[PDB]
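See below for protein.cif, which holds mmCIF, C-alpha atoms and all ligand atoms.
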```
data_coords
#
loop_
_atom_site.label_atom_id
_atom_site.label_comp_id
_atom_site.auth_asym_id
_atom_site.auth_seq_id
_atom_site.Cartn_x
_atom_site.Cartn_y
_atom_site.Cartn_z
CA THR A 4 33.72 -8.58 -20.54
CA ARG A 5 35.05 -10.07 -17.27
CA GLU A 6 32.82 -13.13 -17.70
CA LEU A 7 34.54 -13.93 -20.99
CA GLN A 8 38.04 -13.64 -19.54
CA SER A 9 37.10 -16.00 -16.69
CA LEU A 10 35.48 -18.53 -19.00
CA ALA A 11 38.18 -18.48 -21.69
CA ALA A 12 41.02 -18.88 -19.18
CA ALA A 13 39.52 -21.91 -17.42
CA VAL A 14 40.71 -25.46 -17.89
CA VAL A 15 37.59 -27.32 -19.03
CA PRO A 16 36.98 -30.35 -16.80
CA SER A 17 36.34 -33.77 -18.36
CA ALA A 18 32.86 -34.99 -19.26
CA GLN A 19 33.30 -37.68 -16.55
CA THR A 20 34.00 -35.05 -13.87
CA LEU A 21 31.12 -32.84 -15.05
CA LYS A 22 28.62 -35.78 -15.02
CA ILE A 23 27.17 -34.59 -18.34
CA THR A 24 26.89 -38.06 -19.89
CA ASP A 25 24.29 -38.98 -17.24
CA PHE A 26 20.61 -38.83 -18.19
CA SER A 27 19.90 -38.07 -14.48
CA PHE A 28 22.02 -34.88 -14.55
CA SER A 29 21.13 -31.90 -12.34
CA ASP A 30 22.27 -28.32 -13.07
CA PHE A 31 20.96 -26.94 -9.75
CA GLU A 32 24.27 -27.11 -7.86
CA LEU A 33 26.25 -25.48 -10.69
CA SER A 34 27.21 -21.85 -11.07
CA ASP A 35 26.62 -20.02 -14.36
CA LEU A 36 30.34 -20.35 -15.13
CA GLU A 37 30.18 -24.11 -14.50
CA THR A 38 27.28 -24.47 -16.94
CA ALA A 39 29.33 -22.62 -19.54
CA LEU A 40 32.26 -24.99 -18.91
CA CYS A 41 29.91 -27.98 -19.33
CA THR A 42 28.78 -26.45 -22.63
CA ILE A 43 32.36 -26.14 -23.91
CA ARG A 44 32.87 -29.79 -22.92
CA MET A 45 29.79 -30.81 -24.92
CA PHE A 46 31.17 -29.15 -28.07
CA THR A 47 34.61 -30.65 -27.45
CA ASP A 48 33.53 -34.24 -26.82
CA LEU A 49 31.18 -34.29 -29.81
CA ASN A 50 34.23 -33.50 -31.96
CA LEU A 51 32.86 -30.13 -33.05
CA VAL A 52 35.64 -27.76 -31.99
CA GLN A 53 38.60 -29.11 -33.99
CA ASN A 54 36.34 -30.55 -36.75
CA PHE A 55 34.86 -27.14 -37.55
CA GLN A 56 37.91 -25.04 -36.63
CA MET A 57 36.17 -23.19 -33.74
CA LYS A 58 38.46 -20.68 -32.02
CA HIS A 59 38.30 -21.04 -28.23
CA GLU A 60 37.55 -17.37 -27.53
CA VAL A 61 34.83 -17.31 -30.18
CA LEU A 62 33.10 -20.41 -28.76
CA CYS A 63 33.32 -18.93 -25.25
CA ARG A 64 31.87 -15.61 -26.41
CA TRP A 65 29.06 -17.36 -28.29
CA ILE A 66 28.11 -19.45 -25.24
CA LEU A 67 28.01 -16.33 -23.07
CA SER A 68 25.95 -14.46 -25.67
CA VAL A 69 23.45 -17.33 -25.83
CA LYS A 70 23.26 -17.40 -22.03
CA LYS A 71 22.79 -13.59 -21.85
CA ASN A 72 19.93 -13.66 -24.34
CA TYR A 73 17.69 -15.73 -22.12
CA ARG A 74 15.49 -13.74 -19.75
CA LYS A 75 16.81 -14.57 -16.30
CA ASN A 76 13.56 -13.88 -14.45
CA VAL A 77 11.33 -15.97 -16.69
CA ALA A 78 10.70 -18.89 -14.35
CA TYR A 79 11.23 -21.89 -16.60
CA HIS A 80 12.25 -20.77 -20.13
CA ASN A 81 15.59 -19.29 -19.12
CA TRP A 82 19.21 -20.30 -19.64
CA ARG A 83 18.99 -23.29 -17.29
CA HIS A 84 16.26 -24.90 -19.40
CA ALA A 85 18.31 -24.41 -22.60
CA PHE A 86 21.40 -25.77 -20.88
CA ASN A 87 19.46 -28.82 -19.64
CA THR A 88 18.03 -29.41 -23.12
CA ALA A 89 21.58 -29.37 -24.55
CA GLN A 90 22.80 -31.64 -21.78
CA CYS A 91 20.02 -34.13 -22.57
CA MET A 92 21.03 -33.93 -26.23
CA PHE A 93 24.64 -34.71 -25.25
CA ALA A 94 23.54 -37.64 -23.04
CA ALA A 95 21.24 -39.01 -25.79
CA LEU A 96 24.11 -38.80 -28.29
CA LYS A 97 26.63 -40.40 -25.90
CA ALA A 98 24.95 -42.70 -23.34
CA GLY A 99 21.90 -43.07 -25.60
CA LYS A 100 24.11 -44.03 -28.56
CA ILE A 101 22.47 -41.70 -31.06
CA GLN A 102 25.79 -40.09 -32.14
CA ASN A 103 26.83 -42.76 -34.63
CA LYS A 104 23.42 -42.61 -36.36
CA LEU A 105 23.92 -38.97 -37.32
CA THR A 106 26.18 -36.87 -39.51
CA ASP A 107 28.73 -34.40 -38.05
CA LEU A 108 26.63 -31.50 -39.37
CA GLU A 109 23.49 -32.93 -37.78
CA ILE A 110 25.26 -33.17 -34.41
CA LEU A 111 26.61 -29.63 -34.80
CA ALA A 112 23.13 -28.30 -35.65
CA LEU A 113 21.39 -30.24 -32.85
CA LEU A 114 23.69 -28.93 -30.15
CA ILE A 115 23.41 -25.34 -31.38
CA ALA A 116 19.64 -25.71 -31.72
CA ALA A 117 19.27 -27.21 -28.24
CA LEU A 118 21.17 -24.30 -26.69
CA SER A 119 19.37 -21.68 -28.81
CA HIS A 120 15.85 -23.08 -29.07
CA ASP A 121 14.13 -20.76 -26.53
CA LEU A 122 16.26 -17.63 -26.96
CA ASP A 123 14.59 -14.46 -25.64
CA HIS A 124 11.53 -16.40 -24.50
CA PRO A 125 9.02 -13.93 -22.99
CA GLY A 126 7.48 -16.48 -20.57
CA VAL A 127 4.10 -16.55 -22.35
CA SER A 128 2.79 -18.96 -24.97
CA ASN A 129 2.19 -18.64 -28.71
CA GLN A 130 -1.54 -18.35 -28.09
CA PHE A 131 -0.97 -15.49 -25.63
CA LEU A 132 1.15 -13.64 -28.21
CA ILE A 133 -1.60 -14.11 -30.76
CA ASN A 134 -4.25 -12.88 -28.33
CA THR A 135 -2.32 -9.77 -27.28
CA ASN A 136 -1.65 -8.68 -30.88
CA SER A 137 2.07 -9.36 -30.85
CA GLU A 138 3.95 -8.00 -33.83
CA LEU A 139 5.77 -11.34 -33.87
CA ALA A 140 2.47 -13.16 -34.40
CA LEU A 141 1.61 -10.82 -37.26
CA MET A 142 5.12 -11.24 -38.74
CA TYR A 143 4.94 -15.03 -38.53
CA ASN A 144 1.26 -15.48 -39.51
CA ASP A 145 0.37 -17.00 -36.10
CA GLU A 146 2.49 -20.09 -36.92
CA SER A 147 5.14 -21.24 -34.42
CA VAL A 148 5.49 -17.61 -33.44
CA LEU A 149 7.91 -17.99 -30.53
CA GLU A 150 9.98 -20.58 -32.40
CA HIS A 151 10.50 -18.33 -35.42
CA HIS A 152 11.61 -15.68 -32.94
CA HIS A 153 14.03 -18.08 -31.23
CA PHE A 154 15.46 -18.97 -34.65
CA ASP A 155 15.83 -15.26 -35.55
CA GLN A 156 17.71 -14.73 -32.28
CA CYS A 157 19.86 -17.78 -32.96
CA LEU A 158 20.85 -16.33 -36.34
CA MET A 159 21.55 -12.94 -34.80
CA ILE A 160 24.01 -14.40 -32.29
CA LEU A 161 25.68 -16.66 -34.87
CA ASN A 162 26.31 -13.56 -37.01
CA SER A 163 27.42 -11.25 -34.20
CA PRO A 164 31.07 -10.16 -34.40
CA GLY A 165 33.31 -12.35 -32.26
CA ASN A 166 30.58 -15.01 -31.89
CA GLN A 167 30.70 -16.66 -35.30
CA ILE A 168 31.23 -20.33 -34.39
CA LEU A 169 30.11 -21.43 -37.89
CA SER A 170 32.46 -19.04 -39.77
CA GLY A 171 34.83 -21.95 -40.53
CA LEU A 172 32.28 -24.02 -42.44
CA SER A 173 32.38 -24.35 -46.19
CA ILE A 174 29.53 -22.77 -48.11
CA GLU A 175 27.74 -26.11 -48.58
CA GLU A 176 28.22 -27.27 -44.98
CA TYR A 177 26.97 -23.92 -43.71
CA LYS A 178 23.84 -24.12 -45.88
CA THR A 179 23.13 -27.68 -44.69
CA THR A 180 23.73 -26.82 -41.03
CA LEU A 181 21.52 -23.70 -40.95
CA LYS A 182 18.64 -25.67 -42.49
CA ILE A 183 18.90 -28.36 -39.80
CA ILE A 184 19.08 -25.68 -37.08
CA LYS A 185 15.90 -24.02 -38.38
CA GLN A 186 13.98 -27.31 -38.48
CA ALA A 187 15.30 -28.33 -35.06
CA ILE A 188 14.23 -25.08 -33.38
CA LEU A 189 10.82 -25.07 -35.09
CA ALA A 190 10.32 -28.69 -33.97
CA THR A 191 10.26 -27.52 -30.35
CA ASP A 192 6.80 -26.03 -30.95
CA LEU A 193 4.73 -28.69 -29.19
CA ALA A 194 1.95 -28.03 -31.75
CA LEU A 195 4.32 -29.28 -34.49
CA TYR A 196 5.25 -32.29 -32.38
CA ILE A 197 1.56 -33.19 -32.03
CA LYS A 198 1.09 -32.62 -35.82
CA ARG A 199 3.99 -34.80 -36.97
CA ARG A 200 4.39 -37.50 -34.34
CA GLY A 201 1.63 -39.67 -35.78
CA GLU A 202 3.74 -40.21 -38.90
CA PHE A 203 6.77 -41.13 -36.79
CA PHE A 204 4.86 -43.56 -34.54
CA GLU A 205 3.20 -45.18 -37.57
CA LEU A 206 6.49 -45.72 -39.39
CA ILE A 207 7.82 -47.49 -36.30
CA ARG A 208 4.64 -49.54 -35.77
CA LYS A 209 4.61 -50.71 -39.40
CA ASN A 210 8.37 -51.52 -39.43
CA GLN A 211 8.91 -48.86 -42.07
CA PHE A 212 11.19 -46.56 -40.13
CA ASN A 213 14.44 -45.93 -41.97
CA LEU A 214 16.97 -43.29 -40.88
CA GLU A 215 18.62 -43.48 -44.32
CA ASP A 216 15.54 -41.81 -45.80
CA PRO A 217 16.22 -38.05 -45.63
CA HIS A 218 12.59 -37.20 -44.78
CA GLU A 219 12.52 -39.79 -41.98
CA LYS A 220 15.87 -38.55 -40.68
CA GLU A 221 14.45 -34.99 -40.49
CA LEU A 222 11.33 -36.36 -38.71
CA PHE A 223 13.53 -38.21 -36.22
CA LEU A 224 15.60 -35.08 -35.46
CA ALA A 225 12.36 -33.21 -34.78
CA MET A 226 11.25 -35.89 -32.33
CA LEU A 227 14.67 -35.98 -30.67
CA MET A 228 14.46 -32.20 -30.14
CA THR A 229 11.09 -32.66 -28.39
CA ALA A 230 12.46 -35.53 -26.30
CA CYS A 231 15.30 -33.30 -25.10
CA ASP A 232 13.06 -30.22 -24.60
CA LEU A 233 10.74 -32.26 -22.36
CA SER A 234 13.44 -34.13 -20.50
CA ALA A 235 12.77 -32.60 -17.08
CA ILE A 236 9.78 -34.95 -17.03
CA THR A 237 12.22 -37.89 -17.01
CA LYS A 238 14.47 -36.74 -14.15
CA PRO A 239 14.73 -38.28 -10.67
CA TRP A 240 11.65 -37.22 -8.73
CA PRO A 241 13.19 -34.42 -6.62
CA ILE A 242 14.76 -32.80 -9.69
CA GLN A 243 11.59 -33.25 -11.75
CA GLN A 244 9.47 -31.86 -8.90
CA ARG A 245 11.66 -28.76 -8.54
CA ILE A 246 11.48 -28.10 -12.28
CA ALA A 247 7.70 -28.73 -12.36
CA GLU A 248 7.40 -25.87 -9.82
CA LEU A 249 9.18 -23.54 -12.24
CA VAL A 250 6.90 -24.64 -15.11
CA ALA A 251 3.86 -23.91 -12.93
CA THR A 252 5.23 -20.54 -11.83
CA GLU A 253 5.63 -19.49 -15.48
CA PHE A 254 2.18 -20.78 -16.48
CA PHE A 255 0.51 -19.07 -13.51
CA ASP A 256 2.29 -15.83 -14.30
CA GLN A 257 0.79 -16.04 -17.80
CA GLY A 258 -2.65 -16.67 -16.26
CA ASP A 259 -2.23 -13.47 -14.23
CA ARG A 260 -1.50 -11.58 -17.49
CA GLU A 261 -4.53 -13.18 -19.17
CA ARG A 262 -6.84 -11.99 -16.39
CA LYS A 263 -5.47 -8.45 -16.66
CA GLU A 264 -4.86 -8.10 -20.40
CA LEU A 265 -7.57 -10.32 -21.87
CA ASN A 266 -10.22 -10.23 -19.11
CA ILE A 267 -10.50 -14.03 -19.22
CA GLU A 268 -10.35 -16.79 -16.64
CA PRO A 269 -7.23 -18.81 -17.43
CA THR A 270 -7.46 -22.53 -18.18
CA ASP A 271 -6.56 -24.75 -15.22
CA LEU A 272 -2.97 -25.09 -16.43
CA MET A 273 -2.50 -21.36 -16.07
CA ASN A 274 -4.78 -20.74 -13.10
CA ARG A 275 -2.97 -20.42 -9.76
CA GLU A 276 -6.33 -20.64 -7.96
CA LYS A 277 -6.62 -24.23 -9.24
CA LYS A 278 -3.09 -25.38 -8.47
CA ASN A 279 -4.79 -28.48 -6.97
CA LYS A 280 -5.10 -29.77 -10.55
CA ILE A 281 -1.32 -30.08 -10.99
CA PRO A 282 -0.85 -33.79 -10.18
CA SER A 283 -3.69 -34.87 -12.46
CA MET A 284 -2.47 -32.61 -15.27
CA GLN A 285 1.08 -33.95 -14.93
CA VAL A 286 -0.24 -37.49 -15.28
CA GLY A 287 -2.36 -36.45 -18.27
CA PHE A 288 0.63 -34.78 -19.93
CA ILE A 289 2.91 -37.77 -19.35
CA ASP A 290 0.28 -40.06 -20.89
CA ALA A 291 -0.74 -37.82 -23.81
CA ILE A 292 2.60 -36.27 -24.77
CA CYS A 293 5.58 -37.99 -23.16
CA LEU A 294 5.33 -41.75 -22.89
CA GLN A 295 4.80 -42.49 -26.57
CA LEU A 296 7.75 -40.26 -27.44
CA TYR A 297 10.18 -41.88 -25.01
CA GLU A 298 8.89 -45.31 -26.10
CA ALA A 299 9.59 -44.45 -29.75
CA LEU A 300 13.06 -43.10 -28.94
CA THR A 301 13.89 -46.29 -27.02
CA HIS A 302 12.78 -48.29 -30.08
CA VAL A 303 15.27 -46.31 -32.21
CA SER A 304 18.02 -46.79 -29.59
CA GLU A 305 17.55 -49.12 -26.59
CA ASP A 306 20.22 -47.15 -24.70
CA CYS A 307 17.72 -44.25 -24.49
CA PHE A 308 15.61 -46.41 -22.12
CA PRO A 309 16.54 -44.43 -18.96
CA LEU A 310 14.51 -41.48 -20.31
CA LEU A 311 11.44 -43.70 -20.62
CA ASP A 312 12.17 -45.33 -17.25
CA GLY A 313 12.44 -41.94 -15.52
CA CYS A 314 9.24 -40.75 -17.16
CA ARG A 315 7.37 -43.84 -15.93
CA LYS A 316 8.66 -43.36 -12.39
CA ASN A 317 7.44 -39.78 -12.31
CA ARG A 318 4.05 -40.86 -13.63
CA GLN A 319 3.74 -43.23 -10.64
CA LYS A 320 4.68 -40.46 -8.20
CA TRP A 321 2.28 -37.88 -9.68
CA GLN A 322 -0.53 -40.43 -9.86
CA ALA A 323 -0.06 -41.24 -6.15
CA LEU A 324 -0.53 -37.54 -5.39
CA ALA A 325 -3.51 -37.18 -7.73
CA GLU A 326 -5.58 -40.08 -6.44
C1 LIG B 1 8.69 -31.22 -14.98
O1 LIG B 1 8.74 -31.22 -16.41
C2 LIG B 1 7.66 -30.76 -17.08
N1 LIG B 1 6.52 -30.49 -16.46
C3 LIG B 1 5.47 -30.04 -17.12
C4 LIG B 1 5.53 -29.81 -18.50
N2 LIG B 1 4.46 -29.33 -19.29
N3 LIG B 1 4.68 -28.56 -20.44
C5 LIG B 1 3.55 -28.28 -21.01
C6 LIG B 1 3.43 -27.46 -22.27
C7 LIG B 1 2.48 -28.91 -20.23
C8 LIG B 1 1.09 -28.98 -20.36
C9 LIG B 1 0.35 -29.70 -19.41
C10 LIG B 1 -1.11 -29.82 -19.52
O2 LIG B 1 -1.75 -30.43 -18.68
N4 LIG B 1 -1.70 -29.28 -20.60
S1 LIG B 1 -3.33 -29.39 -20.78
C11 LIG B 1 -3.72 -31.13 -21.07
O3 LIG B 1 -3.56 -28.61 -21.96
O4 LIG B 1 -3.90 -28.99 -19.52
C12 LIG B 1 0.99 -30.34 -18.35
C13 LIG B 1 2.35 -30.27 -18.22
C14 LIG B 1 3.12 -29.56 -19.15
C15 LIG B 1 6.72 -30.09 -19.17
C16 LIG B 1 7.78 -30.56 -18.44
CL1 LIG B 1 9.26 -30.93 -19.25
ZN ZN B 2 10.01 -23.44 -26.76
ZN ZN B 3 12.36 -25.45 -24.55
#
```
For this file, produce the structure as structure tokens.
Amino acid sequence: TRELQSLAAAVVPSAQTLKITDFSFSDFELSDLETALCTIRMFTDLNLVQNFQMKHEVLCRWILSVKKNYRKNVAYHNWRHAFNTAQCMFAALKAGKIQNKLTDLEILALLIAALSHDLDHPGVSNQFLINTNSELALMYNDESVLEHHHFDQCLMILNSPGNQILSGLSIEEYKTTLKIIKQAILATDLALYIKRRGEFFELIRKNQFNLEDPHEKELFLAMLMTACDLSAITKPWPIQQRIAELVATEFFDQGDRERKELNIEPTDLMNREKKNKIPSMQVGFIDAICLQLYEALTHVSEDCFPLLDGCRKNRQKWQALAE
């Protein structure tokens, strides 16, 4: 309470005013309340609120519950990263012109998934959970451990009294939507991105890519989730640099845990003593993970180009530091 009364009583500013259609968006200057207002605006301007009969108070409560169930002191995987992922999703749908390629249920599921995809993230990786004998890893057979947990949390909030933003869906629409949400959240496991992207890139290369094919549509949604999840890498340099510091802080904190709990020397990525490797690793990551993805997305919709453009600009800046 208190936070809900403040949020529910507010007039929600326009998308124009909130700057949320911009791929270059920064959350840094916004209060928590302002991010929640932006989130309501995203639901509203994607025609989800009236379409699916969402009650204002219920949507507000759900947003606040999602926000609360991030761990505030985890450096990167906290509410601001989920919010930014959702904002990139909104921008890709609007400015990037992806909206008209998708169904209403797909849009509904994508926005929910974007906001929910790292719920209760502990600030350590899947491999760390496996290595420290996490019950979650045992439960989920070492496969996309965190992402199954994020999905479980997503479900828990969606079912929580007063938070049921999907309660207005018909039985069939609800079934369809939950399935898309599950696949969307699981897709944010970078291991699954690496596993499946080859198929996506090949379909595009061979002029075989067809969004009307249900399997290819699912594949595309998975790739779009990754593109949004990684979108800090596309931001104007000062924004990207600030977020890269958070990513490093989280990784180095894991490395500290690995030294203590596993008695191992962390890999460079997670080793604060070797923070000098950051620029070269950023370049390597952009090349190995990011560029092909943003290239593929731009092929699907040319209006997604600014994501690719921003990624290329950051590559240049990191490479200048590395060399
Ligand atoms: C500023 O935005 C970002 N900055 C860094 C990452 N990020 N995420 C992961 C996982 C990751 C792994 C590497 C790496 O080098 N991995 S490696 C070859 O195994 O050493 C490097 C950067 C990474 C993601 C974003 Cl969105
Ligand atoms: Zn994740
Ligand atoms: Zn994420």
Using only C-alpha atoms, which residues sit within 7 Å of residue A:11 once same-chain residues fewer than 3 positions away are excluded, as a count of residues only?
-> 4
Shell of 8 Å around ligand LIG 1 (chain B) (only C-alpha atoms and all ligand atoms), written as a PyMOL selection string = chain A and resi 193+232-237+243-248+250-251+270-272+281+283-289+291
Quick one: everything within 12 Å of residue A:26, counting only C-alpha atoms, minus sequence neighbours fewer than 3 positions away in the same chain. Send it as a compact mmCIF listing (two decimals) with C-alpha atoms, keeping the file's coordinate frame.
```txt
# COMPACT_ATOMS: atom_id res chain seq x y z
CA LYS A 22 28.62 -35.78 -15.02
CA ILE A 23 27.17 -34.59 -18.34
CA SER A 29 21.13 -31.90 -12.34
CA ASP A 30 22.27 -28.32 -13.07
CA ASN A 87 19.46 -28.82 -19.64
CA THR A 88 18.03 -29.41 -23.12
CA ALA A 89 21.58 -29.37 -24.55
CA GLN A 90 22.80 -31.64 -21.78
CA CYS A 91 20.02 -34.13 -22.57
CA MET A 92 21.03 -33.93 -26.23
CA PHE A 93 24.64 -34.71 -25.25
CA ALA A 94 23.54 -37.64 -23.04
CA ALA A 95 21.24 -39.01 -25.79
CA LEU A 96 24.11 -38.80 -28.29
CA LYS A 97 26.63 -40.40 -25.90
CA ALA A 98 24.95 -42.70 -23.34
CA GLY A 99 21.90 -43.07 -25.60
CA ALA A 230 12.46 -35.53 -26.30
CA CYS A 231 15.30 -33.30 -25.10
CA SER A 234 13.44 -34.13 -20.50
CA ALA A 235 12.77 -32.60 -17.08
CA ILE A 236 9.78 -34.95 -17.03
CA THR A 237 12.22 -37.89 -17.01
CA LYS A 238 14.47 -36.74 -14.15
CA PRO A 239 14.73 -38.28 -10.67
CA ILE A 242 14.76 -32.80 -9.69
CA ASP A 306 20.22 -47.15 -24.70
CA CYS A 307 17.72 -44.25 -24.49
CA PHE A 308 15.61 -46.41 -22.12
CA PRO A 309 16.54 -44.43 -18.96
CA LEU A 310 14.51 -41.48 -20.31
CA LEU A 311 11.44 -43.70 -20.62
CA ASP A 312 12.17 -45.33 -17.25
CA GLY A 313 12.44 -41.94 -15.52
CA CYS A 314 9.24 -40.75 -17.16
```
Name the residues, by chain letter and number, that sit within 6 Å of ligand ZN 2 (chain B) using all atoms listed in the file, and give them as a list in words.
-> residues 121, 191 and 192 of chain A
Between A:176, A:123, A:298, A:215, smallest distance to ligand ZN 3 (chain B) by all atoms listed in the file belongs to A:123
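Separating atom CA of residue A:43 from atom CA of residue A:110 is a distance of 14.5 Å.
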note - atom CA of residue A:211 and atom CA of residue A:187 are separated by 22.6 Å
Computed interatomic separation between atom CA of residue A:214 and atom CA of residue A:105 (Å) = 8.9 Å
Enumerate, as an NGL selection string, the protein, DNA and RNA residues whose atoms approach (22.1, -28.0, -31.2) to within 10 Å, taking into account all atoms listed in the file and the coordinate frame of the file.
-> :A and (46 or 88-89 or 92-93 or 108-120 or 183-184 or 187-188 or 228)
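Distance check against ligand ZN 3 (chain B) using only C-alpha atoms and all ligand atoms: of A:66, A:142, A:21, A:189, the minimum falls on A:189.
Non-sequential neighbours of residue A:57 (distance at most 9 Å, separation of 3 or more positions within a chain, all atoms listed in the file) are residues 51, 52, 53, 54, 60, 61, 62, 167, 168, 169, 170 and 171 of chain A.
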Between A:47, A:42, A:128, A:301, which is the closest to ligand ZN 3 (chain B) once you count only C-alpha atoms and all ligand atoms?
-> A:128
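With all atoms listed in the file as the atoms that count, the minimum distance from residue A:195 to the choices A:296, A:33, A:225, A:101 is reached by A:225.
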Since the input lacks some atoms of stretch 283-298 of chain A, please model N, CA, C and O atoms and print them as a compact mmCIF listing (two decimals), in the coordinates of the input.
```txt
# COMPACT_ATOMS: atom_id res chain seq x y z
N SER A 283 -2.92 -34.23 -11.40
CA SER A 283 -3.69 -34.87 -12.46
C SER A 283 -3.28 -34.41 -13.85
O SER A 283 -3.27 -35.20 -14.80
N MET A 284 -2.91 -33.13 -13.97
CA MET A 284 -2.47 -32.61 -15.27
C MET A 284 -1.11 -33.14 -15.66
O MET A 284 -0.88 -33.41 -16.85
N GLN A 285 -0.22 -33.31 -14.69
CA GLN A 285 1.08 -33.95 -14.93
C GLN A 285 0.91 -35.37 -15.44
O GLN A 285 1.58 -35.78 -16.41
N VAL A 286 -0.02 -36.12 -14.84
CA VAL A 286 -0.24 -37.49 -15.28
C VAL A 286 -0.79 -37.48 -16.70
O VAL A 286 -0.35 -38.25 -17.55
N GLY A 287 -1.73 -36.57 -16.96
CA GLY A 287 -2.36 -36.45 -18.27
C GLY A 287 -1.34 -36.11 -19.34
O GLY A 287 -1.37 -36.65 -20.45
N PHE A 288 -0.43 -35.21 -19.01
CA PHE A 288 0.63 -34.78 -19.93
C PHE A 288 1.63 -35.91 -20.22
O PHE A 288 2.04 -36.11 -21.36
N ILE A 289 2.02 -36.63 -19.18
CA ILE A 289 2.91 -37.77 -19.35
C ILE A 289 2.26 -38.79 -20.29
O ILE A 289 2.88 -39.25 -21.26
N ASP A 290 0.99 -39.09 -20.04
CA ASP A 290 0.28 -40.06 -20.89
C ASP A 290 0.09 -39.57 -22.32
O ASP A 290 0.34 -40.33 -23.26
N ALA A 291 -0.34 -38.32 -22.49
CA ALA A 291 -0.74 -37.82 -23.81
C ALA A 291 0.44 -37.40 -24.68
O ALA A 291 0.36 -37.49 -25.92
N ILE A 292 1.51 -36.91 -24.05
CA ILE A 292 2.60 -36.27 -24.77
C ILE A 292 3.92 -37.05 -24.67
O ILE A 292 4.63 -37.19 -25.67
N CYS A 293 4.22 -37.56 -23.47
CA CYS A 293 5.58 -37.99 -23.16
C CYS A 293 5.85 -39.45 -23.39
O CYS A 293 6.87 -39.81 -24.00
N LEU A 294 4.99 -40.32 -22.87
CA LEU A 294 5.33 -41.75 -22.89
C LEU A 294 5.55 -42.30 -24.29
O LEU A 294 6.51 -43.05 -24.51
N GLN A 295 4.68 -41.95 -25.22
CA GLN A 295 4.80 -42.49 -26.57
C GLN A 295 6.12 -42.04 -27.19
O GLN A 295 6.75 -42.79 -27.92
N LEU A 296 6.51 -40.80 -26.91
CA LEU A 296 7.75 -40.26 -27.44
C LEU A 296 8.96 -41.01 -26.90
O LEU A 296 9.83 -41.44 -27.68
N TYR A 297 9.04 -41.18 -25.58
CA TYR A 297 10.18 -41.88 -25.01
C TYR A 297 10.17 -43.36 -25.37
O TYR A 297 11.24 -43.97 -25.48
N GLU A 298 8.99 -43.93 -25.59
CA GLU A 298 8.89 -45.31 -26.10
C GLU A 298 9.47 -45.41 -27.50
O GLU A 298 10.24 -46.34 -27.79
```
